[PDB]
Amino acid sequence: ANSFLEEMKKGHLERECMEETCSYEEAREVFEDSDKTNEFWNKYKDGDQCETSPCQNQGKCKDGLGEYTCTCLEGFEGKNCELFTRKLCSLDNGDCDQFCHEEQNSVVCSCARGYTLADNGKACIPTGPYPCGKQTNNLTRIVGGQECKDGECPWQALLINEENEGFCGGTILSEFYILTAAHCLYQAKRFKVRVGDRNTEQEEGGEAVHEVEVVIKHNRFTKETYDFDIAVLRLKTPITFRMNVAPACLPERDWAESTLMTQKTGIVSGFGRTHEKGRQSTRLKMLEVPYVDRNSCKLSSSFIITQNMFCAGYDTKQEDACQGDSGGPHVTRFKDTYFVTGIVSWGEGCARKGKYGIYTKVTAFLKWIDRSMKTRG
Ligand SMILES: [Ca+2]
Ligand SMILES: [Ca+2]
Ligand SMILES: [Ca+2]
Ligand SMILES: [Ca+2]
Ligand SMILES: [Ca+2]
């Protein structure tokens, strides 16, 4: 209790917190700790709720005033640790790195080509030295972007005509396959693809130039609306991957639509013109742009936008795709891997307010590209 000779005497828990109501301080002094009193201040007024062993699944029970706190282990949640944590591809992507699938209320993790599923069933071990998608004041026409470093952009390639002039980009998918836009085929009759390019005016020894052997455009290409604007090139010489030459991983359609396209930002690399009606960039450059919602995308476009196109970029910043990057990939940087989700299609002006770069959707065409990699392979 609170008295004038009681507290005057050194407080004892056996002489205050027992016969008396054990209100406080006499509930703390003798204990001289907030890590022992608070645990004794709830076992004298409302009782210890942990005497019933409520926290199941070997959880920890801590006593509080009016309730108890349960400590549950990994995969256990709920008020009293009675529930297993339901794993879904919506919540933390089902812990899968590349491919998450839902079967019988269970999460199955699978890895793309060049990766093996780990022993624990969650991680993806690369199967080779250079797997896909794995990296190893500036005025005067710079659209918010940075310069591509060595090993940072190895999946980009440039197409040059007979005069060695760059006109379109390309994404390396394998030792033989380059992905670009269909209209790039109409720009030049014959062209060569250079991979590992860092500067068109300087050969640094890492650029490999290949002739194009097989050309496959989309059959449903339309000139009026630029629809189905995608092309596949099979090169005459094999691509030997190295420091500055690496492929990119092709994701799954449903996973790309549910998780990859919900990422806030993506990356597009290219050699194209630095600004509208301007000179071509001497060196490879990349730009990070966010996804644009479909309603404003269709409201801001004077032309028809189908299910195979989407808007990306900034409404206010001077940052958007421009001509010369046609056929360049739009890639999203997931936890440890780059995944292709789009391909540059076009853009009404460059760095223009109220306009967004239109990118061709890879997901609706992946099934076709697979055929293009086995129909003539
Ligand atoms: Ca005391
Ligand atoms: Ca006391
Ligand atoms: Ca006693
Ligand atoms: Ca006492
Ligand atoms: Ca007494």
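Odds and ends about this structure:
- Average 1/r across all pairs of distinct alpha carbons in segment 1-90, invert it, and you get the Kirkwood radius: 15.2 Å.
- P(r) tail, segment 327-377: Cα-Cα pairs separated by more than 15 Å, 60% of all pairs.
- Per principal axis, descending, Cα span of segment 80-164 in whole Å: 67, 34, 22
- Pairs from 62/122; 217/353; 236/264; 189/264; 122/367 whose Cα-Cα separation, in the structure shown, is over 28 Å: 62/122; 217/353; 236/264; 189/264
- Judged by the gyration tensor of its Cα atoms, with axes a ≥ b ≥ c, segment 221-377 is rounded; a/c sits under the 1.5 cut.
- Nitroxide proxy distance, nm - points 7 Å out along Cα→Cβ at residue 318 and residue 141: 1.3 nm
- Residues 97, 293, sorted so that the one with the fewest Cβ neighbours within 10 Å comes first: 293, 97
- Each of 130, 186 has some number of other Cβ atoms within 10 Å of its Cβ, and from fewest to most they run 186, 130.
- Counting only DSSP H runs of at least 4 residues, each contributing -39500 (n - 2.57), and dividing by the residue count of the chain, the helix-based mean residue ellipticity at 222 nm comes to -1500 deg cm²/dmol.
- Listed by Cβ neighbour count within 10 Å, with the fewest neighbours leading, 106, 326, 300, 281 appear as 106, 300, 281, 326.
- When the inverse distances between all different Cα atoms of the chain are averaged and flipped, the Kirkwood radius reads 24.6 angstrom.
- Taken over segment 233-299, the alpha-carbon convex hull comes to 189 cubic angstrom per residue.
Read the figures in this text as sums done on the coordinates, not as results from a lab. Cβ atoms come from the backbone with ideal geometry, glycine included; neighbour counts cover every protein chain shown.
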